[PDB]
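**Q** Structure file my_file29.pdb, PDB, C-alpha atoms (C1' of nucleotides), is pasted below:
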```pdb
ATOM      1  CA  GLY A   1     101.698  94.508 112.555
ATOM      2  CA  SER A   2     102.035  94.615 108.777
ATOM      3  CA  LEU A   3     104.594  97.391 109.202
ATOM      4  CA  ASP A   4     107.791  97.582 107.159
ATOM      5  CA  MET A   5     109.469 100.045 109.515
ATOM      6  CA  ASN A   6     109.084  97.424 112.240
ATOM      7  CA  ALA A   7     110.433  94.703 109.969
ATOM      8  CA  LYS A   8     113.502  96.440 108.510
ATOM      9  CA  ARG A   9     114.299  97.338 112.104
ATOM     10  CA  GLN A  10     113.942  93.836 113.516
ATOM     11  CA  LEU A  11     116.472  92.984 110.815
ATOM     12  CA  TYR A  12     119.403  95.412 111.173
ATOM     13  CA  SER A  13     118.223  96.375 114.655
ATOM     14  CA  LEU A  14     117.386  93.118 116.446
ATOM     15  CA  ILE A  15     119.605  90.635 114.588
ATOM     16  CA  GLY A  16     121.534  92.086 111.660
ATOM     17  CA  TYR A  17     125.008  92.313 113.169
ATOM     18  CA  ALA A  18     128.499  93.062 111.870
ATOM     19  CA  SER A  19     129.477  90.357 109.377
ATOM     20  CA  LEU A  20     126.070  88.676 109.121
ATOM     21  CA  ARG A  21     125.683  88.587 105.339
ATOM     22  CA  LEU A  22     121.905  88.749 105.788
ATOM     23  CA  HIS A  23     120.370  89.138 102.349
ATOM     24  CA  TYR A  24     117.141  88.736 100.407
ATOM     25  CA  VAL A  25     116.957  87.176  96.962
ATOM     26  CA  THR A  26     114.247  88.010  94.457
ATOM     27  CA  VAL A  27     112.788  84.993  92.693
ATOM     28  CA  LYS A  28     109.936  84.415  90.248
ATOM     29  CA  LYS A  29     110.573  87.023  87.543
ATOM     30  CA  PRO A  30     107.254  88.945  87.568
ATOM     31  CA  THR A  31     104.900  88.747  84.603
ATOM     32  CA  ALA A  32     102.614  91.138  82.715
ATOM     33  CA  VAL A  33      99.819  88.626  83.277
ATOM     34  CA  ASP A  34     100.566  87.995  86.948
ATOM     35  CA  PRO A  35     103.249  90.414  88.238
ATOM     36  CA  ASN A  36     103.044  88.582  91.549
ATOM     37  CA  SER A  37     106.560  87.665  92.689
ATOM     38  CA  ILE A  38     108.182  86.101  95.752
ATOM     39  CA  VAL A  39     111.118  86.939  98.014
ATOM     40  CA  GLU A  40     113.590  84.743  99.864
ATOM     41  CA  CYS A  41     114.881  85.850 103.253
ATOM     42  CA  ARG A  42     118.149  84.150 104.118
ATOM     43  CA  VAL A  43     121.790  84.648 105.021
ATOM     44  CA  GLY A  44     125.090  83.959 103.284
ATOM     45  CA  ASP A  45     125.295  80.911 105.542
ATOM     46  CA  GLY A  46     122.510  79.472 103.417
ATOM     47  CA  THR A  47     119.816  80.001 106.025
ATOM     48  CA  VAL A  48     116.349  81.193 104.988
ATOM     49  CA  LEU A  49     114.598  83.069 107.782
ATOM     50  CA  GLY A  50     111.391  83.088 105.767
ATOM     51  CA  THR A  51     109.722  84.149 102.523
ATOM     52  CA  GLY A  52     107.092  86.453 101.044
ATOM     53  CA  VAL A  53     104.958  86.657  97.907
ATOM     54  CA  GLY A  54     102.578  89.286  96.588
ATOM     55  CA  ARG A  55     100.822  90.638  93.489
ATOM     56  CA  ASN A  56     102.648  93.982  93.427
ATOM     57  CA  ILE A  57     105.815  92.244  94.644
ATOM     58  CA  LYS A  58     106.311  94.894  97.355
ATOM     59  CA  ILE A  59     104.041  92.901  99.627
ATOM     60  CA  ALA A  60     106.658  90.288  98.894
ATOM     61  CA  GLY A  61     109.510  92.555  99.949
ATOM     62  CA  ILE A  62     107.993  93.750 103.213
ATOM     63  CA  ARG A  63     106.493  90.294 103.716
ATOM     64  CA  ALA A  64     109.975  88.804 103.467
ATOM     65  CA  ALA A  65     111.267  91.102 106.204
ATOM     66  CA  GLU A  66     108.371  90.412 108.568
ATOM     67  CA  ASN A  67     109.162  86.786 107.800
ATOM     68  CA  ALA A  68     112.705  87.204 109.114
ATOM     69  CA  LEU A  69     111.355  88.530 112.389
ATOM     70  CA  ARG A  70     108.618  85.888 112.214
ATOM     71  CA  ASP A  71     110.934  83.361 113.855
ATOM     72  CA  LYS A  72     111.193  84.045 117.588
ATOM     73  CA  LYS A  73     113.359  80.947 117.946
ATOM     74  CA  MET A  74     115.496  81.913 114.948
ATOM     75  CA  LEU A  75     115.771  85.496 116.177
ATOM     76  CA  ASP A  76     116.684  84.556 119.736
ATOM     77  CA  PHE A  77     118.932  81.937 118.157
ATOM     78  CA  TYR A  78     121.058  84.690 116.646
ATOM     79  CA  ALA A  79     120.923  86.623 119.906
ATOM     80  CA  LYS A  80     122.970  83.905 121.577
ATOM     81  CA  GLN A  81     125.127  83.495 118.476
ATOM     82  CA  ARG A  82     125.862  87.206 118.707
ATOM     83  CA  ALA A  83     127.051  86.793 122.289
ATOM     84  CA  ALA A  84     129.171  83.797 121.287
ATOM     85  CA  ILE A  85     130.517  84.592 117.800
ATOM     86  CA  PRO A  86     134.290  84.932 118.372
ATOM     87  CA  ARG A  87     134.939  87.870 116.047
ATOM     88  CA  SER A  88     134.100  85.528 113.163
ATOM     89  CA  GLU A  89     131.774  82.842 111.801
ATOM     90  CA  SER A  90     132.790  80.080 114.211
TER      91      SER A  90
ATOM     92  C1'   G B   1      88.898 105.801  81.804
ATOM     93  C1'   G B   2      91.532 102.686  85.835
ATOM     94  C1'   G B   3      95.652  99.255  87.204
ATOM     95  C1'   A B   4     100.525  96.589  87.310
ATOM     96  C1'   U B   5     105.608  94.546  86.476
ATOM     97  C1'   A B   6     110.093  95.955  84.554
ATOM     98  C1'   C B   7     114.692  98.415  81.881
ATOM     99  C1'   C B   8     117.462 103.276  81.737
ATOM    100  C1'   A B   9     118.795 107.368  85.072
ATOM    101  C1'   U B  10     118.437 109.992  89.820
ATOM    102  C1'   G B  11     116.487 111.033  94.560
ATOM    103  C1'   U B  12     113.370 111.127  98.435
ATOM    104  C1'   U B  13     111.040 108.961 102.154
ATOM    105  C1'   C B  14     109.633 105.604 105.797
ATOM    106  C1'   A B  15     110.029 106.004 110.929
ATOM    107  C1'   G B  16     110.708 108.848 115.133
ATOM    108  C1'   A B  17     113.956 102.902 119.321
ATOM    109  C1'   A B  18     116.351 101.486 115.501
ATOM    110  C1'   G B  19     117.793 101.385 111.109
ATOM    111  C1'   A B  20     116.079 100.002 106.161
ATOM    112  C1'   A B  21     112.968 100.458 101.783
ATOM    113  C1'   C B  22     110.561 102.777  98.292
ATOM    114  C1'   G B  23     109.865 106.584  94.954
ATOM    115  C1'   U B  24     110.525 110.205  90.700
ATOM    116  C1'   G B  25     110.147 110.222  85.272
ATOM    117  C1'   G B  26     111.297 108.202  79.985
ATOM    118  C1'   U B  27     109.941 103.586  77.091
ATOM    119  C1'   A B  28     107.173  99.043  76.764
ATOM    120  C1'   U B  29     104.328  94.339  77.340
ATOM    121  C1'   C B  30     100.220  93.051  79.377
ATOM    122  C1'   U B  31      95.646  93.639  81.797
ATOM    123  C1'   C B  32      90.744  95.500  83.634
TER     124        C B  32
END
```
Written as structure tokens, how would this file's structure read?
**A**
Amino acid sequence: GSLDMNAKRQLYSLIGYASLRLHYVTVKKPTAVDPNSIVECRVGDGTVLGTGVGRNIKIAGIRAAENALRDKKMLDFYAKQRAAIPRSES
RNA sequence: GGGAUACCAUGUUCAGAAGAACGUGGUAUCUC
């Protein structure tokens, strides 16, 4: 895999629905002696789908995405939620 | 000689299912 296109898609194409809040948070302020940074993949609900770290951070970005789609159970979990979700959170 | 993160500003591209991310250059610290 290792394909962003695929990732980003899996996100706002396989799960990312209306009123999801899905969002990534950058953590580990890069350094000029180890730029490497990490990414947190979670949702406003306080749920982290996964994570991703890299030396040129990007790997971290794309890695984070692939991480979100790296949870078949989590993914499918939202699939059902999507069907349920009564025009709101609960 | 090469290489990288980031601030300030703006835009393109990735893909080609779907929709998102990265880049362009100005300055700088560090590093090989």
**Q** Could you work out which residues of chain A fall inside 6 Å of chain B? Count all atoms listed in the file, and format the result as a PyMOL selection string.
**A** chain A and resi 8-9+13+30+32-33+35
**Q** So how many Å separate CA of residue 17 (chain A) and CA of residue 3 (chain A), to one decimal?
**A**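 Distance between the two atoms: 21.4 Å.
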**Q** Between A:26, A:31, A:47, A:88, which residue has the minimum interatomic distance to residue 61 (chain A), considering only C-alpha atoms?
**A**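 The answer is A:26, which sits nearest to residue 61 (chain A).
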**Q** I need the output of the PyMOL selection byres ((chain B and resi 26) around 10) for this file as a list in words; which residues are they?
**A**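 Selected by the PyMOL selection byres ((chain B and resi 26) around 10) here: residues 8, 9, 25 and 27 of chain B.
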**Q** For residue 25 (chain A), which of A:41, A:57, A:74, A:49 is the closest residue, counting only C-alpha atoms?
**A**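 Of the candidates, the smallest distance to residue 25 (chain A) is held by A:41.
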**Q** Excluding residue 37 (chain A) and its own-chain neighbours fewer than 5 positions away, which residues fall within 9 Å of it when counting only C-alpha atoms (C1' of nucleotides)? Please give them as a list in words.
**A**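 In the requested format, the answer is residues 26, 27, 28, 29, 30, 31, 52, 53, 54, 55, 56, 57, 58 and 60 of chain A.
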**Q** Please, what distance in Å, to one decimal, runs between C1' of residue 13 (chain B) and CA of residue 21 (chain A)?
**A**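 So the two atoms, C1' of residue 13 (chain B) and CA of residue 21 (chain A), lie 25.3 Å apart.
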**Q** May I ask for the distance between CA of residue 84 (chain A) and CA of residue 10 (chain A), given in Å to one decimal place?
**A** 19.8 Å
**Q** If we count all atoms listed in the file and set the cut-off at 10 Å, which residues sit around residue 75 (chain A), ignoring sequence neighbours fewer than 5 positions away in its own chain? Please answer as a list in words.
**A**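 Here the answer would be residues 10, 11, 14, 15, 16, 49, 68, 69, 70, 80 and 81 of chain A.
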**Q** Rebuild N, CA, C and O atoms on region 9-23 of chain A, as an mmCIF file, in the frame of the given file?
**A**
```cif
data_model
loop_
_atom_site.group_PDB
_atom_site.id
_atom_site.type_symbol
_atom_site.label_atom_id
_atom_site.label_comp_id
_atom_site.auth_asym_id
_atom_site.auth_seq_id
_atom_site.Cartn_x
_atom_site.Cartn_y
_atom_site.Cartn_z
ATOM 1 N N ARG A 9 113.657 97.152 110.814
ATOM 2 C CA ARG A 9 114.299 97.338 112.104
ATOM 3 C C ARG A 9 114.679 95.994 112.703
ATOM 4 O O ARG A 9 115.854 95.714 112.920
ATOM 5 N N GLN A 10 113.685 95.153 112.957
ATOM 6 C CA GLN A 10 113.942 93.836 113.516
ATOM 7 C C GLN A 10 115.172 93.219 112.862
ATOM 8 O O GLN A 10 115.937 92.494 113.498
ATOM 9 N N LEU A 11 115.349 93.512 111.577
ATOM 10 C CA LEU A 11 116.472 92.984 110.815
ATOM 11 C C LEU A 11 117.809 93.566 111.276
ATOM 12 O O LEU A 11 118.540 92.924 112.028
ATOM 13 N N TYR A 12 118.135 94.776 110.813
ATOM 14 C CA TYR A 12 119.403 95.412 111.173
ATOM 15 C C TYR A 12 119.307 96.174 112.490
ATOM 16 O O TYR A 12 120.031 97.146 112.709
ATOM 17 N N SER A 13 118.413 95.732 113.361
ATOM 18 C CA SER A 13 118.223 96.375 114.655
ATOM 19 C C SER A 13 118.104 95.342 115.774
ATOM 20 O O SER A 13 118.503 95.601 116.909
ATOM 21 N N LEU A 14 117.551 94.172 115.453
ATOM 22 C CA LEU A 14 117.386 93.118 116.446
ATOM 23 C C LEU A 14 118.334 91.949 116.188
ATOM 24 O O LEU A 14 118.706 91.235 117.119
ATOM 25 N N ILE A 15 118.714 91.740 114.929
ATOM 26 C CA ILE A 15 119.605 90.635 114.588
ATOM 27 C C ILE A 15 120.785 91.100 113.742
ATOM 28 O O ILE A 15 121.937 90.989 114.160
ATOM 29 N N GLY A 16 120.490 91.615 112.553
ATOM 30 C CA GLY A 16 121.534 92.086 111.660
ATOM 31 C C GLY A 16 122.724 92.660 112.402
ATOM 32 O O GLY A 16 122.676 93.789 112.894
ATOM 33 N N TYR A 17 123.797 91.880 112.483
ATOM 34 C CA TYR A 17 125.008 92.313 113.169
ATOM 35 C C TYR A 17 126.167 92.448 112.189
ATOM 36 O O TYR A 17 126.024 92.169 110.999
ATOM 37 N N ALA A 18 127.314 92.884 112.698
ATOM 38 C CA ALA A 18 128.499 93.062 111.870
ATOM 39 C C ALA A 18 129.008 91.724 111.339
ATOM 40 O O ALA A 18 129.390 90.845 112.111
ATOM 41 N N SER A 19 129.011 91.583 110.018
ATOM 42 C CA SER A 19 129.477 90.357 109.377
ATOM 43 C C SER A 19 128.411 89.266 109.428
ATOM 44 O O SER A 19 128.708 88.114 109.741
ATOM 45 N N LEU A 20 127.173 89.633 109.115
ATOM 46 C CA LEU A 20 126.070 88.676 109.121
ATOM 47 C C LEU A 20 125.834 88.116 107.723
ATOM 48 O O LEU A 20 125.605 86.918 107.553
ATOM 49 N N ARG A 21 125.890 88.990 106.725
ATOM 50 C CA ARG A 21 125.683 88.587 105.339
ATOM 51 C C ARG A 21 124.198 88.552 104.994
ATOM 52 O O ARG A 21 123.829 88.345 103.838
ATOM 53 N N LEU A 22 123.347 88.757 105.999
ATOM 54 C CA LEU A 22 121.905 88.749 105.788
ATOM 55 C C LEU A 22 121.561 89.357 104.442
ATOM 56 O O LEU A 22 122.022 90.448 104.108
ATOM 57 N N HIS A 23 120.754 88.644 103.667
ATOM 58 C CA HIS A 23 120.370 89.138 102.349
ATOM 59 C C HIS A 23 119.124 88.455 101.800
ATOM 60 O O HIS A 23 118.875 87.270 102.043
#
```
